[PDB]
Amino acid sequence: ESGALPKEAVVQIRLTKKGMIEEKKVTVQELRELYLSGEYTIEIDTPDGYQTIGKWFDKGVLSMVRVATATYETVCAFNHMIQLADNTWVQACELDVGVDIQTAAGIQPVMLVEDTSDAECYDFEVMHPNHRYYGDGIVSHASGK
């Protein structure tokens, strides 16, 4: 289990450097480059508000699935953990149509689940006890414990 995402996933981040603060929507590809630049402290938007990213993880190639609600769609690793309405965690590939999940717009039911092609994936640590963040607008578990 992880929070692993491919390069094209979109997250909302906040960059800080020496009093400068910037809020940006970025792909996970761009986030990796910003992380490896070493120039910033990076926070990510979450249902707990912005939280600092700690460690980064290159996860290699994983099996992938597409999960969509009415408002949001993510392509994520098969074992990318997504938060249910009851706040428990489930692997993306084990979601079924109708399941209520947490999103940036509140609870929404899953409308579509589809296996897709393998992809290079990435994960990271979120420095908050809930260890969660918005990935493509869907509440995801960072480092996927």
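One-based numbering along the sequence shown.
Stretches 76-84 and 99-107 differ in mean C-alpha B factor, with the higher average recorded for 99-107. Two stretches are in play, 10-18 and 132-140, and the higher mean C-alpha B-factor belongs to 10-18. Ranking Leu36, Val90, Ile44, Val113 by the C-alpha B-factor listed in the PDB entry places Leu36 at the top.
In the deposited entry, the Cα temperature factor of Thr27 sits in the top third of values across the chain's modelled residues. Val61 sits in the middle third of its chain by CA B factor, as recorded in the PDB entry.
Sort the modelled residues of the chain by CA B factor and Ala68 lands in the middle third.
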